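Participant: Here you go, one structure.
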């Protein structure tokens, strides 16, 4: 309903494309005062001045971060770090967080959808999805969090890169 | 002349390797704080290493 409408409205302005060979590969996010972009996929960002700037890449954390141009500050995304257990919003159906794990019912994700931000009950971002591992009728999501000041990767066994 | 050239080359390569590995260690230590949204490095760390 209206929650999906507002999610689409914010997504039409925050997430950016990554383009390669006539095919979209990845999604970049504008979180707080930095730009996240998972480093595993490679392509040209579908933007003029976003791709003109200089990035900082880490392969250990499989990501790359950038500083906002001063003329896109207002298009923020209201980062946060509180993670109560329960239900969370996502562009492809609600995720369930329990036992320090992120779960999605069976294959609600497509292969190549790495980079979708997850929003909380108030619309604030919590984690960026990286990969998935399917067991039974569910799939555990390998994502990164922003607990305090360090970024922590959680990855289950047999996770396939998206 | 061969001995002095070899010794100078060895000293230069040693200091170069040590400086490069130290700066790489600094980059590895200070990398994760730049990735967290918002946040700020501790002033003690920001003094012990030049933190932008």
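Going from the start of the chain as shown, residues are counted 1 onward.
Quick reminder: no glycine exception, Cβ is built from N, Cα and C everywhere.
Straight from Swiss-Prot, here's the annotation block:
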- A:14-A:29: disulfide bond (DISULFID)
- A:14-162: domain 'Peptidase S3' (DOMAIN)
- A:40: active site, charge relay system (ACT_SITE)
- A:45-55: motif 'Nuclear export signal' (MOTIF)
- A:56-61: region 'Interaction with spike glycoprotein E2' (REGION)
- A:62: active site, charge relay system (ACT_SITE)
- A:84-94: region 'Dimerization of the capsid protein' (REGION)
- A:88: site 'Involved in dimerization of the capsid protein' (SITE)
- A:114: active site, charge relay system (ACT_SITE)
- A:120-124: region 'Dimerization of the capsid protein' (REGION)
- A:121: site 'Involved in dimerization of the capsid protein' (SITE)
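Where in this structure would I find these features, and how exposed are they?
Facilitator: Non-local contacts of residue A:29 (disulfide bond) by the CB criterion (under 8 A, 6+ apart in sequence, same chain) comprise A:14, A:15, A:16, A:35, A:36, A:37, A:77, A:115, A:117, A:125, A:128. DSSP assigns residue A:29 (disulfide bond) to a strand in the three-state reduction.
Long-range Cβ neighbours of residue A:40 (active site, charge relay system) (same chain, at least 6 residues apart, Cβ-Cβ under 8 Å): A:62, A:114, A:130, A:161. Residue A:40 (active site, charge relay system) falls within neither a helix nor a strand when secondary structure is assigned with DSSP, and so counts as coil.
Through the fold, the motif 'Nuclear export signal' (A:45-55) approaches residues 16-19, 28, 35, 37, 64-67, 69 of its own chain, all at least 6 residues removed from its boundaries and within a Cβ separation under 8 Å.
Here the region 'Interaction with spike glycoprotein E2' (A:56-61) has long-range neighbours at 39, 144, 151, 153, meaning same-chain residues at least 6 beyond its ends whose C-beta is under 8 angstroms from one of its own.
Proximity of distant same-chain residues to the region 'Dimerization of the capsid protein' (A:84-94), defined by a Cβ-Cβ separation under 8 Å and at least 6 residues beyond the stretch ends, is recorded for 3, 7, 11, 104-105, 108-110, 113, 116, 118-121, 123, 126.
Sequence-distant neighbours of residue A:88 (site 'Involved in dimerization of the capsid protein') (same chain, 6+ residues apart, CB-CB distance under 8 A): A:94, A:95, A:96, A:97, A:118, A:119, A:120, A:121, A:126.
According to DSSP, residue A:114 (active site, charge relay system) is assigned to coil rather than to any helix or strand.
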Participant: Cβ under 8 Å, sequence separation of at least 6 from the ends of the region 'Dimerization of the capsid protein' (A:120-124): give me the contacting residues as numbers and ranges.
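Facilitator: Tertiary neighbours of the region 'Dimerization of the capsid protein' (A:120-124) are 6-7, 10, 77-80, 82-83, 88-89.
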Participant: Look up residue A:121 (site 'Involved in dimerization of the capsid protein') in the DSSP assignment and report helix, strand or coil.
Facilitator: coil
